[PDB]
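I have placed the structure first, in the form of structure tokens, so that the comments after it can refer back to it.
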Amino acid sequence: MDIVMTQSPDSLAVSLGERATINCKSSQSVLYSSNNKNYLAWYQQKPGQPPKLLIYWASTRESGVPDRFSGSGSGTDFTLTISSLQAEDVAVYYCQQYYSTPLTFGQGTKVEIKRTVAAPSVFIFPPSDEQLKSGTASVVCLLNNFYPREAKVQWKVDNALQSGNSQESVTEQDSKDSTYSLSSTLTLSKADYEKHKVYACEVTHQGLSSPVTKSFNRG
Amino acid sequence: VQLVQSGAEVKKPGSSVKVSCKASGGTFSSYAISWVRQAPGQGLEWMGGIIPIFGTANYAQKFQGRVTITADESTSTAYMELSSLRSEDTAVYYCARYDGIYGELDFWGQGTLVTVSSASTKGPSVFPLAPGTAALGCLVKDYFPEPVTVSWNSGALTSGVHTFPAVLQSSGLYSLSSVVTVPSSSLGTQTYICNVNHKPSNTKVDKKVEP
């Protein structure tokens, strides 16, 4: 008899300025007879941050929340609408009932922007002299502000393709230009690093006409 | 109204963790405090809530027998204790304010990352990533547990900054990069300093990144 909250869809992506619609269904009614209020809230959550309250009583906007955010519904069926999706609106959105304990949340709905293709700017970074003291070398490749998220990094050392000795991660969608960024690190022993000359990061992305290589010569 | 939580920490499996939540202003008045957790990449899960004016706490069934929620009105501080920790308890723990008769959560703490692991705490090393647009950054390497925070020029530099998710290396230690793109013409005049904090080890580093 815990109230289960189910959101639909799980993920959406629309173009800048298009409407975004997030639905939430409760397994029991959250409409309270004695005051005719729905005990239902909506939250926005961005990476690294706590959730932020947008809507309560199903349709009351929290103070400070932009007009483009609107809550609707009664009983068991609710909807958060963003009338004109802005770049800064990319986030995960959650519904919550507080009709009864335990307080329960929907699973979250990820909201992203669809935009034109953008090629990355690419940068390569040699290991620092201070790190080399440790006996390990990290070579870093940065792909700055690209769209869509799909990208491939290939490391080459003296034109030899590297495998198994790199790791990468990718940022969440940028709140201003709706791009992604990616960092890749190649890890070698100092010995291996000192044995070779040409360190290259080869980047494939659909915004580029052909793969772009950034490189340096050790020393 | 601001809720300030205690710092991230690693805890051994089988141990107990205590997380605090301090309410500014000097009171949580007639209001209540919820604890809500979020496992990595997962949704929000209510652990329980306390209403200091009634002196009562309710827990979610899943945590009954392991969770303890308390609140000291005199210090405006609420506490969450979780015992017999297991890998699955690795999560960000949030406190949030609500009204006992309602339950929307209007003010939230910043979250506390509790990592359940046998591995020891280790501070990071911070290395420069040296540079019409230039890129520069800092590599924050070989630390445990998560998280680290990074700002640039004491928070004065925010445009063009990308701080990446950490990766877990084969050593069992984390490594993270933070970068920023700037005008190449600024390299002779401005000093670029990454400010790195790792609370679990009480490490604070300001690293200047030179061309």
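Residues are referred to by chain and number: the chain letter is A, B, ... according to the order shown in the structure tokens, the number counts from 1 in that chain, and ligands are numbered separately from 1 in the order shown.
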
For chain B, work out the contacting residues on chain A at 7 Å, counting only C-alpha atoms, and write them as an MDAnalysis selection string. chainID A and resid 41 49:50 53 56 98 102:105 107:108 123 125 128 130:131 169:171

Store the residues picked out above in a file with N, CA, C and O atoms, as a short mmCIF file (atom, residue, chain, number, x, y, z; two decimals), in the first residue's frame.
data_model
loop_
_atom_site.label_atom_id
_atom_site.label_comp_id
_atom_site.auth_asym_id
_atom_site.auth_seq_id
_atom_site.Cartn_x
_atom_site.Cartn_y
_atom_site.Cartn_z
N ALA A 41 4.34 16.91 -5.83
CA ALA A 41 5.38 17.90 -6.13
C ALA A 41 6.25 17.49 -7.31
O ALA A 41 6.30 16.31 -7.65
N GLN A 49 24.24 18.49 -7.96
CA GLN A 49 23.34 19.34 -7.18
C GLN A 49 22.22 18.53 -6.55
O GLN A 49 21.84 17.49 -7.08
N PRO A 50 21.68 19.01 -5.41
CA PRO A 50 20.44 18.45 -4.88
C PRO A 50 19.26 18.78 -5.79
O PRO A 50 19.36 19.71 -6.60
N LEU A 53 12.92 22.28 -5.82
CA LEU A 53 11.46 22.23 -5.89
C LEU A 53 10.93 23.19 -6.97
O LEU A 53 11.26 24.37 -6.96
N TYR A 56 4.36 22.46 -6.32
CA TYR A 56 3.73 21.71 -5.23
C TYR A 56 2.21 21.86 -5.35
O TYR A 56 1.73 22.69 -6.14
N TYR A 98 3.29 13.20 -1.42
CA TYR A 98 3.41 13.40 0.02
C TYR A 98 2.03 13.34 0.68
O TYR A 98 1.79 13.98 1.71
N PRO A 102 5.36 5.95 3.36
CA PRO A 102 6.62 6.62 3.03
C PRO A 102 6.44 7.61 1.88
O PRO A 102 5.67 7.33 0.95
N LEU A 103 7.14 8.74 1.94
CA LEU A 103 7.21 9.64 0.79
C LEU A 103 7.90 8.89 -0.34
O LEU A 103 8.91 8.22 -0.12
N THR A 104 7.35 8.99 -1.55
CA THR A 104 7.88 8.23 -2.68
C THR A 104 8.05 9.11 -3.90
O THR A 104 7.29 10.06 -4.11
N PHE A 105 9.07 8.78 -4.70
CA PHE A 105 9.42 9.56 -5.89
C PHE A 105 9.22 8.72 -7.14
O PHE A 105 9.33 7.50 -7.09
N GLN A 107 10.71 7.63 -10.93
CA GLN A 107 12.07 7.15 -11.25
C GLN A 107 12.97 8.22 -11.86
O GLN A 107 14.18 8.01 -12.01
N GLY A 108 12.38 9.36 -12.20
CA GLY A 108 13.11 10.43 -12.87
C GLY A 108 12.99 10.37 -14.38
O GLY A 108 12.95 9.29 -14.98
N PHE A 123 42.44 19.28 -28.00
CA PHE A 123 43.68 19.70 -27.36
C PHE A 123 44.38 18.48 -26.77
O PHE A 123 43.73 17.59 -26.23
N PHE A 125 47.58 17.29 -24.07
CA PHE A 125 48.41 17.75 -22.94
C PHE A 125 49.45 16.70 -22.59
O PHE A 125 49.08 15.56 -22.25
N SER A 128 53.05 16.40 -16.93
CA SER A 128 53.85 17.42 -16.27
C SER A 128 55.14 16.82 -15.73
O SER A 128 55.19 15.63 -15.38
N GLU A 130 56.31 17.46 -12.86
CA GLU A 130 56.00 17.06 -11.49
C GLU A 130 55.38 15.66 -11.37
O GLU A 130 55.73 14.92 -10.46
N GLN A 131 54.48 15.31 -12.29
CA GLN A 131 53.94 13.94 -12.27
C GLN A 131 55.00 12.90 -12.61
O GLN A 131 55.02 11.83 -12.01
N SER A 169 35.95 10.07 -19.81
CA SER A 169 34.62 10.42 -19.31
C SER A 169 34.07 11.63 -20.06
O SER A 169 34.81 12.34 -20.75
N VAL A 170 32.76 11.85 -19.91
CA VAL A 170 32.05 12.84 -20.70
C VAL A 170 31.19 13.68 -19.76
O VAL A 170 30.59 13.16 -18.82
N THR A 171 31.13 14.99 -20.02
CA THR A 171 30.29 15.88 -19.24
C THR A 171 28.81 15.71 -19.58
O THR A 171 28.45 15.17 -20.63
#

Hey, what's within 10 Å of segment 3-16 of chain B if we count only C-alpha atoms and toss same-chain stuff fewer than 5 positions away? As a VMD selection string, please? chain B and resid 21 to 25 28 33 66 to 67 76 to 79 81 to 87 89 to 90 92 to 97 107 to 121 144 to 148 198 to 202

Just to be explicit: take each residue in the selection above, keep N, CA and C atoms, and write the result as a compact mmCIF listing (two decimals), in the first residue's frame.
# COMPACT_ATOMS: atom_id res chain seq x y z
N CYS B 21 23.24 17.40 9.60
CA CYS B 21 22.56 18.40 8.78
C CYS B 21 22.27 19.59 9.69
N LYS B 22 23.01 20.68 9.48
CA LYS B 22 22.91 21.88 10.31
C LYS B 22 22.06 22.94 9.61
N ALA B 23 21.00 23.37 10.29
CA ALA B 23 20.12 24.40 9.74
C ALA B 23 20.56 25.78 10.19
N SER B 24 20.86 26.65 9.22
CA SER B 24 21.20 28.05 9.51
C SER B 24 19.96 28.82 9.98
N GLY B 25 20.14 30.10 10.30
CA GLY B 25 19.07 30.90 10.89
C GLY B 25 19.00 30.72 12.40
N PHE B 28 15.14 24.91 13.18
CA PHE B 28 14.19 24.34 12.20
C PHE B 28 12.74 24.48 12.68
N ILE B 33 12.59 17.48 9.10
CA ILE B 33 13.73 17.16 8.25
C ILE B 33 13.59 15.74 7.70
N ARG B 66 18.15 -0.50 10.72
CA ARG B 66 19.48 0.00 10.36
C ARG B 66 19.62 1.52 10.46
N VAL B 67 18.51 2.24 10.31
CA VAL B 67 18.54 3.71 10.33
C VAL B 67 18.08 4.30 11.67
N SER B 76 20.07 23.20 16.25
CA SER B 76 19.44 23.12 14.92
C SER B 76 20.15 22.13 14.00
N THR B 77 20.42 20.94 14.53
CA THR B 77 21.16 19.92 13.78
C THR B 77 20.39 18.62 13.80
N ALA B 78 20.20 18.03 12.62
CA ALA B 78 19.60 16.71 12.52
C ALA B 78 20.68 15.70 12.13
N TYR B 79 20.47 14.44 12.50
CA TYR B 79 21.44 13.39 12.26
C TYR B 79 20.78 12.18 11.64
N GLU B 81 21.92 8.16 11.11
CA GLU B 81 22.89 7.09 11.34
C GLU B 81 22.42 5.84 10.62
N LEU B 82 23.33 5.18 9.91
CA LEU B 82 23.01 3.96 9.16
C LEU B 82 24.05 2.90 9.49
N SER B 83 23.59 1.76 9.98
CA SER B 83 24.46 0.71 10.51
C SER B 83 24.56 -0.49 9.56
N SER B 84 25.48 -1.41 9.86
CA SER B 84 25.74 -2.59 9.03
C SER B 84 25.85 -2.23 7.54
N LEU B 85 26.71 -1.26 7.23
CA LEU B 85 26.83 -0.76 5.86
C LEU B 85 27.32 -1.84 4.90
N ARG B 86 26.76 -1.82 3.70
CA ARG B 86 27.14 -2.73 2.62
C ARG B 86 27.41 -1.90 1.36
N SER B 87 28.05 -2.51 0.36
CA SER B 87 28.35 -1.84 -0.91
C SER B 87 27.17 -1.04 -1.47
N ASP B 89 24.94 0.56 -0.04
CA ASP B 89 24.68 1.79 0.72
C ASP B 89 25.53 2.97 0.25
N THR B 90 26.45 2.71 -0.67
CA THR B 90 27.23 3.78 -1.28
C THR B 90 26.25 4.69 -2.02
N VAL B 92 24.83 9.27 -2.25
CA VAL B 92 24.76 10.63 -1.73
C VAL B 92 23.56 10.70 -0.78
N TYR B 93 23.80 11.16 0.44
CA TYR B 93 22.76 11.28 1.44
C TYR B 93 22.38 12.75 1.58
N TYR B 94 21.09 13.06 1.39
CA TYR B 94 20.57 14.43 1.46
C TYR B 94 19.67 14.62 2.66
N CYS B 95 19.77 15.77 3.30
CA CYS B 95 18.71 16.21 4.20
C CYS B 95 17.90 17.29 3.49
N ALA B 96 16.62 17.38 3.84
CA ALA B 96 15.73 18.35 3.24
C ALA B 96 14.65 18.74 4.23
N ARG B 97 14.24 20.00 4.16
CA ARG B 97 13.22 20.54 5.05
C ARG B 97 11.84 20.32 4.46
N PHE B 107 13.76 23.11 0.86
CA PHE B 107 15.19 23.40 1.03
C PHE B 107 15.96 22.10 1.21
N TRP B 108 17.10 21.98 0.52
CA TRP B 108 17.91 20.76 0.53
C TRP B 108 19.35 21.04 0.94
N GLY B 109 19.95 20.10 1.68
CA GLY B 109 21.39 20.13 1.92
C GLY B 109 22.16 19.80 0.65
N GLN B 110 23.47 20.01 0.66
CA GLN B 110 24.29 19.83 -0.54
C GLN B 110 24.55 18.35 -0.85
N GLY B 111 24.22 17.47 0.09
CA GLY B 111 24.45 16.05 -0.06
C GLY B 111 25.79 15.62 0.52
N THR B 112 25.82 14.39 1.04
CA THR B 112 27.05 13.80 1.59
C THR B 112 27.29 12.45 0.94
N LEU B 113 28.39 12.32 0.20
CA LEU B 113 28.71 11.04 -0.42
C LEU B 113 29.37 10.10 0.58
N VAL B 114 28.67 9.01 0.90
CA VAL B 114 29.23 7.95 1.74
C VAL B 114 29.62 6.78 0.84
N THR B 115 30.90 6.40 0.90
CA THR B 115 31.42 5.28 0.12
C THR B 115 31.69 4.12 1.06
N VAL B 116 31.07 2.98 0.78
CA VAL B 116 31.28 1.80 1.60
C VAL B 116 32.34 0.94 0.91
N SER B 117 33.53 0.91 1.51
CA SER B 117 34.70 0.25 0.92
C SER B 117 35.71 -0.10 2.01
N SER B 118 36.54 -1.10 1.73
CA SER B 118 37.66 -1.46 2.59
C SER B 118 38.90 -0.61 2.32
N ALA B 119 38.91 0.09 1.18
CA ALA B 119 40.05 0.91 0.79
C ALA B 119 40.25 2.12 1.70
N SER B 120 41.51 2.53 1.85
CA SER B 120 41.86 3.65 2.71
C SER B 120 41.71 4.98 2.00
N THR B 121 41.46 6.02 2.79
CA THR B 121 41.44 7.40 2.32
C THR B 121 42.82 7.79 1.82
N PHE B 144 41.08 8.81 -3.04
CA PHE B 144 40.00 7.94 -2.60
C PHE B 144 39.52 8.43 -1.23
N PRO B 145 38.20 8.41 -0.98
CA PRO B 145 37.15 8.13 -1.97
C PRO B 145 36.82 9.39 -2.78
N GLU B 146 35.77 9.30 -3.60
CA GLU B 146 35.16 10.50 -4.16
C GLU B 146 34.49 11.26 -3.02
N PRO B 147 34.16 12.55 -3.23
CA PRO B 147 34.48 13.37 -4.40
C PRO B 147 35.61 14.37 -4.17
N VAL B 148 36.08 14.97 -5.26
CA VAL B 148 36.82 16.22 -5.17
C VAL B 148 35.96 17.32 -5.77
N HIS B 198 39.56 18.05 -1.44
CA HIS B 198 39.20 16.66 -1.18
C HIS B 198 38.92 16.55 0.32
N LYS B 199 37.65 16.67 0.69
CA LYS B 199 37.24 16.70 2.10
C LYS B 199 37.63 15.45 2.91
N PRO B 200 37.41 14.23 2.36
CA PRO B 200 37.74 13.03 3.13
C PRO B 200 39.16 13.01 3.71
N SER B 201 40.12 13.58 2.99
CA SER B 201 41.52 13.62 3.45
C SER B 201 41.93 15.00 3.96
N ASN B 202 40.97 15.92 4.04
CA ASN B 202 41.23 17.33 4.38
C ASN B 202 42.35 17.96 3.53

To one decimal place in Å, what is the distance between atom CA of residue 162 of chain A and atom CA of residue 135 of chain A? 19.5 Å

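Taking only C-alpha atoms into account, residue 209 of chain A lies nearest to A:118 out of the set A:68, A:111, A:23, A:118.
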
So which residues of segment 28-204 of chain A fall under strand (DSSP E) by DSSP, listed as a PyMOL selection string? chain A and resi 31-32+37-38+40-45+52-56+60-61+69-74+77-82+91-97+104-105+109-114+121-125+136-146+152-157+160-161+166-170+180-189+198-204

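Counting from atom CA of residue 122 of chain A, the distance to atom CA of residue 209 of chain B is 18.8 Å.
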